[PDB]
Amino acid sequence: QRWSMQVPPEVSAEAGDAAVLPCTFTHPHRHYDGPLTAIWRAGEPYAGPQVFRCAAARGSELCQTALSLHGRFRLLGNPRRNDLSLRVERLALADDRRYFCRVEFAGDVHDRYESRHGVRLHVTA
């Protein structure tokens, strides 16, 4: 019924390992099967550089990768099940940043939502 997003404020992991940035969302059009785009960006909401982008075709559960920085970002959540959780592989100290979760439906301009508050990823050495 309403757009909303569930994202923890903090995730910690050791450099060289893999971290999971969880993200789930609620949305209107509760059985939407149209074209979907999932985006993760870093640094700043709405304005930071994207680190991951995939898109799913109408009626398809496969979110095809359009962008994955260093090849180390991968979607774990099924977006047709309201899960946009992201896996970061082979973490580097430079990955210690704030990340923001974003989804875009097709249709009206307001069928899109990005986490106003992001998840801080802590990379331990």
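Residue indices: 1-based, along the sequence shown.
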Comparing 34-42 with 57-65, the one whose average Cα B-factor in the PDB entry is higher
57-65
Highest mean C-alpha temperature factor of the two stretches 45-53 and 88-96, which is it?
88-96
Going by the CA temperature factor in the entry, name the top one among 103, 106, 23, 20.
106
Here the Cα B-factor of residue 119, set against its chain, lands in the third termed lowest
Place residue 71 in the lowest, middle or highest third of its chain's C-alpha B-factors, as listed in the PDB entry.
lowest
